[PDB]
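Structure, as structure tokens:
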Protein chains: 6
Amino acid sequence: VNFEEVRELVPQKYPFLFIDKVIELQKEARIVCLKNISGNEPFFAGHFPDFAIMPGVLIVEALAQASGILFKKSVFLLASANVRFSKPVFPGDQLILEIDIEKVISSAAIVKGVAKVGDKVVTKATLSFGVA
Amino acid sequence: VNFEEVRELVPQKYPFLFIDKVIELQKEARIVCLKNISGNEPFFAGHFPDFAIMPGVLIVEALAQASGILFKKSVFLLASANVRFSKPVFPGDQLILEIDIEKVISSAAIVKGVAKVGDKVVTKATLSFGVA
Amino acid sequence: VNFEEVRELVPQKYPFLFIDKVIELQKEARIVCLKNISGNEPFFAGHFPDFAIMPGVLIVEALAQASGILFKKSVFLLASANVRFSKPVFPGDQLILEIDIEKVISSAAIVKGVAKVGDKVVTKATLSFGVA
Amino acid sequence: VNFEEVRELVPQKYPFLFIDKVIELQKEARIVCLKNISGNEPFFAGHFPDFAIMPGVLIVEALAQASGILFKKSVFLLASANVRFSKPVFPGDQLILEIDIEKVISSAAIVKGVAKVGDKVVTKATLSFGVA
Amino acid sequence: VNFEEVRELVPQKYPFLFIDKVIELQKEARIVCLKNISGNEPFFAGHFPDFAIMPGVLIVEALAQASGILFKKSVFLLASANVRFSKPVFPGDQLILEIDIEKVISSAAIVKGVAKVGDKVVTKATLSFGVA
Amino acid sequence: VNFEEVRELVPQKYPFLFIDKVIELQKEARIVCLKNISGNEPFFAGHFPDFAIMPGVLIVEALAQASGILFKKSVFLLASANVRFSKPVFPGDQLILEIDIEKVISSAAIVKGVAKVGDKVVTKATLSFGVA
């Protein structure tokens, strides 16, 4: 799934759309998305002036947006997140977002999310969503 | 503590500085900060086009930035977050960020964070930080 | 009137929409709007680098936009303004915009505008509008 | 006076610096500045989506910034403005800002300002300033 | 052709629309467009911090956009450019873009482009376009 | 060479810095840089609204910035460019910028530039630079 289709599937848009492509999709089970990290993204100017580092909370948003694509291809709001920020992410990194569905019911979903650069895990999370 | 002092204390800057004022400060114990939510903030255009709602992850960042002010007045990176997004936040809301220190050691800190609009709690979190 | 309705009523949009909510409305007579002042608004970076202060001219625009909501609920262009900038406005302030209709005719309107933080008046203005 | 010198003289900066060049300068008396109006300026996206028109309040800010250059070559804050918005200004216009000093004292200054496109006057104003 | 019509004719939009007006049009032959250069355009902050100078590549884009208007009034993508950057362009300059059609076929077009400030040539280019 | 060092070496900055990392460096001979293409870069909103495609002129700027790093490690202004835009570039692409020095003299330099996604060439250029 390329960016033009991602734009349609993800309700977020610039400057808060943090998916570039879908790499792998197993409906009702798992998705793998790609987000390129670029020094020309607007948030880097503020985090931090002396040192550009991807904010951990935006990796969480990227994992949430990847999940939403998985849900739509199988209004969701993030309801909870339990997240470990293991390693920093920098301009020039390719961020791989892997979502596995834990449990989906009519009203909610719980997923496990892993963000990777290369095959080093930089962020791990459990997320839940409520329909709204 | 007014915004000009906040600017100095918080290493983040526009468009990723999410504190306006410090309302209450008890060194080594607790801080209460204020963030005004304005429809003229850049993230609202992308979250969401049809419906401006404050992203939950940016409330987490605001709680993390409030914590950093508490630490500095008593390089911190968010190391973990366990967060419940209870209620939505809108342009025109005044977001109150309350941080209580759970445990501080030389290398890390664990805090409990509550975000409120009025005296309704909209977000509750446990956050941990590592020195870097 | 909440922000989603304000967005529709006010033709301006980001980064030039300076109303968050309507607090009070008496058709054909008076309106009270709220604009949250946030350090994360784009104009603060340029006014001024060393010292964030709300530009007086944007308080005038906010008063003009509040007036337009009053007109619409009872293409307007600001035709004249006679304004006194009494006190400065800062990130973290809640700006209250009070408009009283002086005279409305088919082609024009003259209003008196008061901007307040708390119940201190920070700006007072007489504004006129022409239909266009 | 070219833009690089204007940048230094005017404390405002992007996105709130509304002078490009100084065309004429008579110390203690009069200044003529130029501001190019470009469709690629950020405020046009919001004023208005269907129709790009220069906001009258930003012409007032440009007149105020021209005045400040005159003062500096002979912290000023706009204290009052009495302004008539006669004609609209569009992308592609060259806005000429003419300031004549009415009265300068140690604490304040009163000026008359005229904004022109070609030699048609689009805005006329009396402005006052207080030292701060 | 004024900016509102330019907006419709040129598929690019803010922050990548670099035409303000069409000054002269001879269908199937030549066009002259105007782009005002303003210090309040977003690219100047990054090119360069110490010294605002219009990037040569954006003059090429402006010449390409002028060409597209000529084509439409008589999806085009720039296919090739052979360009000489002779003189620098600054905030406050009025950039005149002159396009002469060399050869148009069903699938492609080759044009000669000249950018001028006053009647000094600042950029000269041969451009080709392919339909897409 | 990582982004923090790139920031220092390249005089351009956000929103006009189009290098993320240096991948390969042979002083006085060749450089290979990486620019991640992200849908969250500000230029995509304007090029084009219906269809995000990297502007060819910004690939030229990226090649020019890669060249400048090569020059500095062995004020440069682009003096000429002769460029072929062969294939389009999209959000999610990793753009590889390869510069080979043709000739360097005290006053000028001529280089050959190739931009690649994967190992498909998307842009080829000859560029010249003059010291300034």
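When reading the values below, keep in mind they use all heavy atoms of this one structure, side chains included, and skip hydrogens, waters and symmetry mates. In what follows, chains are A, B, ... by sequence order, proteins preceding strands, each numbered from 1.
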### Task
Apply side chain to side chain contact (heavy atoms under 4.5 Å, CB included) to the pair B:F16 and C:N40, showing each step before the final yes or no.
CA-CA 7 Å; B:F16 222 72; C:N40 192 44; over 6 Å; no
### Heavy-atom pair of closest approach, residues C:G39 and B:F3
CA-CZ, 3.7 Å
### Query
Can you tell me if NZ on B:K103 sees more than 12 non-hydrogen neighbours from other groups inside 6.0 Å?
no
#### Entry: B:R84 atom CZ: more than 12 heavy-atom contacts under 6.0 Å
no
#### Entry: Nearest-0.5 Å distance that lies between atom CD in B:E41 and atom CD in C:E41
7.0 Å
### Message
Report which part of C:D50 has an atom under 4.5 Å of a heavy atom belonging to chain B: side chain, backbone, both, or neither.
### Response
backbone
### Query
Contact part of B:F90 toward chain C, heavy-atom cut-off under 4.5 Å: side chain, backbone, both or neither?
neither
### Task
Check whether B:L34 gets within reach of chain C through its side chain, its backbone, both or neither, counting any heavy atom under 4.5 Å.
side chain
### Message
Out of B:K13, B:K35, B:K21, B:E4, return the one with the most heavy atom pairs under 4.5 angstrom to chain C.
### Response
B:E4
### Message
Whether the side chain of C:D20 engages the backbone of B:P91 through a donor-acceptor N/O pair (distance < 3.5 Å, no angle test) should be reported.
### Response
no
### Contact check, side chains of C:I37 and B:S38, non-hydrogen atoms, under 4.5 Å
no
